[PDB]
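1. pasting an experimental structure, sequence included:
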Amino acid sequence: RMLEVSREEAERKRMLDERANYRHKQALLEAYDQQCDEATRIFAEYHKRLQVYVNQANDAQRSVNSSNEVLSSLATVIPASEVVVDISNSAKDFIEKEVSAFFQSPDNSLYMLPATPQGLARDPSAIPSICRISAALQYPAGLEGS
Amino acid sequence: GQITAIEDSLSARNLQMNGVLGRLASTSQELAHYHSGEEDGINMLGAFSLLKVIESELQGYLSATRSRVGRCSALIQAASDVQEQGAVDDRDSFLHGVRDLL
């Protein structure tokens, strides 16, 4: 009649303590989306063409400027060599953000679930909910919980 | 459920910026050129103004990579609850130490 299993308790820390501060993760998701937003910020007015350079302006607008916009010309050199490489750095930092976000965006949102069971999160303190309050909690994990 | 939705937007924005990784040099001189012809016939606003955003973009990128230090903070909760059975039985092994009182 030891039919109590405290796995509910291990999940009682987990079930809805995430929602008690549901907006901690959204602040971090804003930070993760910030690189998406800041990339969107830098792709707003002049790089608005980049949204269609990827599809339509690919073979048209890149090469016409190199001749027509200088044949018409010959106060137009200073800022282009400083910001675009930073924009290229942003693209370099975006693909690596996406690789990170493919393995980090789940982390911040999920980690609010172990907020209260941060002991269950951290290695040196998950034992209490896996050993101490577990002489019935380990029943579902009977093979694991000897 | 919401973990995949944000990643879907991430993956979509990752896959529609696929070419920009090697097609972002198009603005290196077009930004300069598409002002040059008009002013000198007889665009700098995007170039100058955006330089401010990159510093904010870098700081936003800094938090993206700074969280990689915390990449092992969330998934461990399900992982630690299982893989630590060596110490789990150890703490209940001293329990077994009590029972064999002889």
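-> Yep, that arrived. Numbers count the residues shown, from 1 in each chain, chains lettered A, B, ... in the order given.
2. give me the element the residue nearest to the spatial centre of chain A is part of.
-> With distances taken as C-alpha atoms, centre = their mean, the residue of chain A nearest its centroid is residue A:105 (2.9 Å). In the assignment (DSSP states H and E), residue A:105 maps to helix A:80-111.
3. over to residue B:87?
-> Element membership of residue B:87 [criterion: DSSP H and E] is helix B:85-99.
4. what's that helix packed up against?
-> helix A:127-130 (3 or more C-beta pairs under 8 Å, 6 or more residues apart in numbering or on different chains; DSSP states H and E). The way it works is simple: take the backbone N, C-alpha and C, and place the C-beta from them, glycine included.
5. quick one: distance of the helix it packs on to the chain centre.
-> The chain centre lies 30 Å from the centre of helix A:127-130; the measure is C-alpha atoms, centre = their mean, to the nearest Å.
6. contacts for it, please.
-> A:6, A:9-10, A:13, A:117, A:119-120, A:134, A:137-138, A:145, B:80-82, B:84-85, B:87-88, B:91 (C-beta atoms under 8 Å, 6 or more residues apart in numbering or on different chains).
7. helices of chain A, residue ranges please.
-> Applying DSSP state H to chain A gives helices spanning A:7-15, A:23-41, A:50-53, A:61-71, A:80-111, A:118-121, A:127-130.
8. what's the most buried one of those?
-> Stretch with highest mean neighbour count among the helices of chain A: helix A:127-130 (a mean of 22; mean count of other C-beta atoms under 10 Å in any protein chain shown).
9. kindly provide the distance from residue B:66 to chain A.
-> Using C-beta to the nearest C-beta, to the nearest Å, residue B:66 is found at 9 Å from chain A.
10. what angle separates the longest helix along chain B from helix A:23-41?
-> Longest helix of chain B, by residue count under DSSP H: helix B:44-66. Between helix B:44-66 and helix A:23-41, the angle comes out at 150 degrees (axes from the mean of the first three to the mean of the last three C-alpha atoms, to 10 degrees).
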